[PDB]
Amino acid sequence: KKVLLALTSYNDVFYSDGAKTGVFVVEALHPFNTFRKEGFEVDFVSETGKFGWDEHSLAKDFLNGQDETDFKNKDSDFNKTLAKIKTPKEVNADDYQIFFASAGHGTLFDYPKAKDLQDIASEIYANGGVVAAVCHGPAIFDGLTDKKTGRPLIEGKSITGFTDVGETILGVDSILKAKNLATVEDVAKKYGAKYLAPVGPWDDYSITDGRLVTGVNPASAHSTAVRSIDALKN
């Protein structure tokens, strides 16, 4: 039982305070934990084989408790597994039942153009696997094609993900535009998907549409992962 957990490979100054974005820690850690818990093996992968942390996700409010302990302890299973991060080439899609895309605002940079990752994702979905994504993770659906129908994998599907209002509240809406980036809600519209919004931009909100699982934000990582395992039976 393997699970391929994708991470953004973009890590550069993003926020107006000079803080650089990248992988949202708990969006990788909670799914990882949830996966390892049920008895799945986790293989991390990134577009370039490299990654960095979204500095904002390192703040006390987003990283604390056992999470921080596992983060700081280099011998943690999480860290030992992350050290074995793979590049697309080094991956055999046929080895995974679940494809989970963790996020962070960085995914908005490489995920849409990560074709190799999309081919892999598409294959796992073809073999009856489950494709899941949280936060800005659905960004990788931009171009993801269903091999069986030839149509965009999200066309006619109900998904969720980071909200447009959330961007405004974070005050990063100025930047997304400045950097010519599309929001999850934009991507959902562009490819015929039905975007379902949570009551609040920070709520734990996730959706299961057959074998396609999506979550809204960091607070939905766990739920997304849990849904992702359950979805295997669909």
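Numbering starts at 1 and runs along the sequence shown.
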When the C-alpha temperature factors are averaged for each of 12-20 and 209-217, which stretch ends up with the higher value in the entry? 12-20
157-165 or 137-145, whichever carries the higher mean Cα B-factor: 137-145
Per the coordinate record, which of the options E38, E55, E27, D204 holds the highest CA temperature factor? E38
Sort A178, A197, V45, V184 by C-alpha B-factor from the entry and give me just the highest. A178
Going by the recorded CA B-factors, say which third of the chain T69 sits in, lowest, middle or highest. lowest
Chain-relative CA temperature factor third for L232: highest
Please place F62 in the lowest, middle or highest third of its chain by C-alpha B factor as given in the entry. middle
Sort the modelled residues of this chain by their C-alpha B factor and say whether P152 lands in the lowest, middle or highest third. lowest
Temperature factor at the Cα of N79, chain-ranked in thirds, falls in the lowest
